[PDB]
Amino acid sequence: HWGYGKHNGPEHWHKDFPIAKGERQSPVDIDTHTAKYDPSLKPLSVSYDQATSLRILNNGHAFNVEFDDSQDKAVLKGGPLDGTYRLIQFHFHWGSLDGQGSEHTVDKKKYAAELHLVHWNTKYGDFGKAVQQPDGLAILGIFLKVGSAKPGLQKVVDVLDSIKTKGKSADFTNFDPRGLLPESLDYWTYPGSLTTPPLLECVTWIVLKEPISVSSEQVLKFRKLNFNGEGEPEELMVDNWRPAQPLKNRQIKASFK
Ligand SMILES: [Zn+2]
């Protein structure tokens, strides 16, 4: 019964998921004055030309745009990574107000939202196997600010009415996730965790510095989603973000000078 409400939010998760207080939890604050350029990092390789989106699902915590991950169709390689990571889904975290919503922060700045493109290491065969490994996942995080519209997001926005409530899904084929990327692939990277239960410490985080812009109308439509199921009391799906966690014995590395 974890969530983001008044009595089951992030500060409670440790009772059922004790790793919530672990050594490698996410998100974190990215201090641009202490993150160090690492000349051994490589350019990110994002290969999404062959991506097969399938479906969009309201899971009661966010919505996931799901991809066919049964071949190397949409892969992330390079950067900090060894090997090949397959795109399985993307989702967002967002706020009730434009001044909040992101999970990572940059010098304590919260963005209006944050996109997570989740990929699993093909060395481990299936997602469920991958999340049990310290290098099982690579998550590409992208900040959203409110300004201009993002044209490549509109098809997502326009399907949200069909998945208003928890447990609803809709066909969602032929969506191109390249339309959600900023111009630059400059990034920060560090080792961390899933930001939702089970909070497993299986992620290489790759957080892009350049945000994307979405319009106020686009974010307003996200804020019309519901955490609840159909026929239940309406609880708007807003503020579905975990706050920054202690960095502990980690370093954040920058791909750029
Ligand atoms: Zn996420």
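Numbers on residues come from counting from 1 along each chain's written sequence, not from the entry itself, and any residue without coordinates is not displayed. For the side-chain quantities, the full set of heavy atoms in the structure was used; hydrogens and water were omitted.

If you check the header, you'll see the entry was determined by X-ray crystallography and the resolution is listed as 1.050 Å.

Enquirer: Explain the UniProt feature "binding site: substrate" in the protein chain here, please?
Expert: UniProt positions are given in the numbering used here, feature names are shortened, and annotations may be inferred rather than shown by experiment. Within the UniProt annotation, "binding site: substrate" is assigned to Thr195 and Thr196. Numbering of helices and strands runs from the N terminus, with a helix taken as a DSSP run of H or I at least four residues long and a strand as a DSSP run of E at least two residues long. As for its position among the elements, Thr195 is in the loop between β12 (187–192) and β13 (203–208). Partly exposed describes any residue whose relative accessible area lies between the buried limit of under 20% and the exposed limit of over 50%, with all areas from a 1.4 Å probe on protein chains only and scaled to the type maximum. A relative accessible area of 5% places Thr195 in the buried class. The contact criterion used is simple: two residues touch if any of their non-hydrogen atoms lie within 4.5 Å. Apart from the residues within four sequence positions on either side, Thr195 is in contact with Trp13, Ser26, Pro27, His93, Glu103, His116, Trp205 and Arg242.

Enquirer: I'm lost on the coordination of the zinc ion in this one. Help?
Expert: In ideal tetrahedral geometry, four donors around a metal make angles of 109.5 degrees, whereas ideal octahedral geometry with six donors gives angles of 90 or 180 degrees. Within the protein, the atoms that donate to the zinc ion are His91 (NE2), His93 (NE2) and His116 (ND1), at distances of 2.0 Å. Among the residues examined, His116 registers a relative accessible area of 1% and is labelled buried. Nitrogen, oxygen and sulfur within 2.8 Å of a metal are treated as its donors, or within 3.2 Å for sodium, potassium and calcium (Na, K, Ca); water is not counted, so a site can appear incomplete.

Enquirer: Looking at this model, I keep getting lost on the pattern of salt bridges. Mind explaining?
Expert: Side-chain pairs of opposite charge can arise where the charged atoms are in close proximity. Here a salt bridge means any side-chain nitrogen of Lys or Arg lying within 4 Å of a carboxyl oxygen belonging to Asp or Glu. Here the structure, examined in full by the defined rule, presents seven salt bridges. Here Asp72 and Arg86 are joined by a salt bridge, their closest N and O atoms 2.7 Å apart. One end of the pair, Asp72, is in the loop between β5 (63–67) and β6 (75–78); the other, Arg86, is in strand β7 (residues 85–94), and 14 residues separate them in sequence. Overall, the relative accessible area of 49% leaves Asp72 in the partly exposed class. Here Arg86 falls in the buried class, since its relative accessible area comes to 15%. Note that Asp176 is salt-bridged to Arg178, the shortest N-O span being 2.9 Å. Residue classification places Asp176 among the partly exposed residues on the basis of a relative accessible area of 34%. Accessibility expressed as a relative area gives 41% for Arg178, which makes it partly exposed.

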